[PDB]
Each structure stands twice: as C-alpha cells, then as structure tokens.
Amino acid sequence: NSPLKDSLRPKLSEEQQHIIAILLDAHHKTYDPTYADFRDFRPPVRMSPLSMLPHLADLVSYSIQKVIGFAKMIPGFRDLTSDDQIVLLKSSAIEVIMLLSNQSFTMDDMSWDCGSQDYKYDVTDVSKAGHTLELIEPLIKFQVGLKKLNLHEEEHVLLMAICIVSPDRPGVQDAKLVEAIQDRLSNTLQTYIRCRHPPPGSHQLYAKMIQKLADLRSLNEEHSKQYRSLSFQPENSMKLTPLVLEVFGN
C-alpha cells in the first residue's frame, strides 16, 4: 500500500487517546454522581410562585463552578486569553449544564433523578423556578434525544469540551485560536466514533452530535430570554446567587 492509501486509514493517534484520557479524568473530578453536596443548597420547596428557584439557583450556581473546573482542564483552553476564557464560559455554561444533567436524566419518567425524592426534578419543578414550556418542552426533548444517542462517556466529554470551545460565541476575540483548539477536539471525536463506536450506533453519530450542539444554542437563546425576564424582577434576582448573576447576567 502507498503512503497515501495507508494514511487514509483512520487511526486514533496517541495524542488523541491522550486528549480523551484528560477529558474523562476532568469529568470524573468535576461531576459527583453521589450528589452529596445537594444537602448544602437551599431546600427544594414543592407545593407558591418560584418555590423551586432558591434550590435550582443553588444547584445551577454549584454546577457553573464545576463547568469552570472542567473547562480549565480542556487541552488548549488555558492558552486562550483571560477574556476569551471568560466569554466562552459565560456563553456555554448553561449548555454544558444541560449536557451534564443528561447523566441524572431518566426516560423512565422523564425527570432528573439525583438519588432521592427530594432531589428528583420534573417539568413541574422547573416551571416553579420561573420557566415556561417554551424552554422546558424542548429541554426534555433534548434530553430524550441525547439519551437515544447512547453516547460513550468518551463521546459525552468530547461533546462538552467542543461545546465550550466554540469560535462563534459572542465576544470571542481570537476566534482563529478557539477554532484551532476546537478542531483538535472535533477530529478526536470523529476518529473516536469511526474506530471505537461499533455500528449501527455509529451511523451519522458525529452529525447527530453536532445537531445537538445546534439544539443547545437554541435552548441557550430561549433560556437567556426567560432568564432576563425572570431576573428583571428585583425580588427574583434577590433569590439568585452572586455567581449566577455574574455569569448569566445582571
């Protein structure tokens, strides 16, 4: 075989395997499947208007901190300017949180089940945090469609990293460098799927995963809209956390 023909044969390079290893570890170190810290949040109240906002605000604020910790471990991420790291996290946080949550989501009853009845969230809980079907229905649909992909954890953490390092985010300065970082991750994912995800599950899997990124942009836009409306009321904004205000807007 010619060097060309042989070079066309897909192979997970040592560097690409290394990238996957780092992202798996990063996820391990920032997602607690025991959910032990939820005790620390303001208590969930299920009955009054916005009764679940304090608890879900605390959950989300906690999860933003975890997203930041994961982002810092993405190969290339820290070579970005402080400003670009900030804009990428401000814009992606809600999306990565939606991705992370797929781990607790269950299609048994279409809820996020975090180990106990107190920490099991359904569409009614989300509405009681100030959100409407315009966000919630598509969010459930997203969770269902993602679950249907039955991603390998490898693919799950690659997707989160690709989500974070997106060059077309608002406020991005060195889009060229963000794009180079993302491309290394995207190629790693494409090659992982070809070499490690057996058919039929692999069918158009990359394209399906990129469609989920597009879905996340739409969810982000609608969340931002409802969040601005929600936070416009000072009495609501009072119930949020300082980190949520800084990241999602004030």
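Numbers for residues come from their place in the sequence shown, where the first is 1.
> Are any deposited residues left out of the model between residue 47 and residue 48, and how many (none, 1 to 3, 4 to 9, 10 or more)?
The entry leaves 10 or more residues without coordinates here.
> Give the stretch, out of 228 to 236 and 14 to 22, with the larger mean C-alpha temperature factor in the deposited entry.
Stretch with the greater average CA B-factor: 228 to 236.
> Can you tell me whether 69 to 77 has a higher mean C-alpha B factor than 170 to 178 in this record, or the other way round?
So the stretch with the higher mean C-alpha B-factor is 170 to 178.
> Return the residue from 108, 95, 154, 134 that has the highest Cα B-factor in the entry.
The C-alpha B-factor peaks, among 108, 95, 154, 134, at 108.
> Specify which of 91, 143, 116, 104 carries the largest Cα B factor in the deposited PDB entry.
Highest CA B-factor of the listed options: 116.
> Give the position of residue 61 by CA B-factor within its chain, expressed as the lowest, middle or highest third.
Answer is lowest: the recorded C-alpha B-factor places it there.
> If you rank the chain by CA B-factor, which third does residue 209 end up in: lowest, middle or highest?
As the PDB entry reports it, the C-alpha B-factor of residue 209 lands in the lowest third of its chain.
> Using only modelled residues of the chain, where does the Cα B factor of residue 221 rank: lowest third, middle third or highest third?
It falls in the middle third of the chain.
> Quick check for you: using the entry's CA B-factors within this chain, is residue 27 in the lowest, middle or highest third?
Within its chain, residue 27 is a lowest-third residue by C-alpha B-factor, going by the deposited values.
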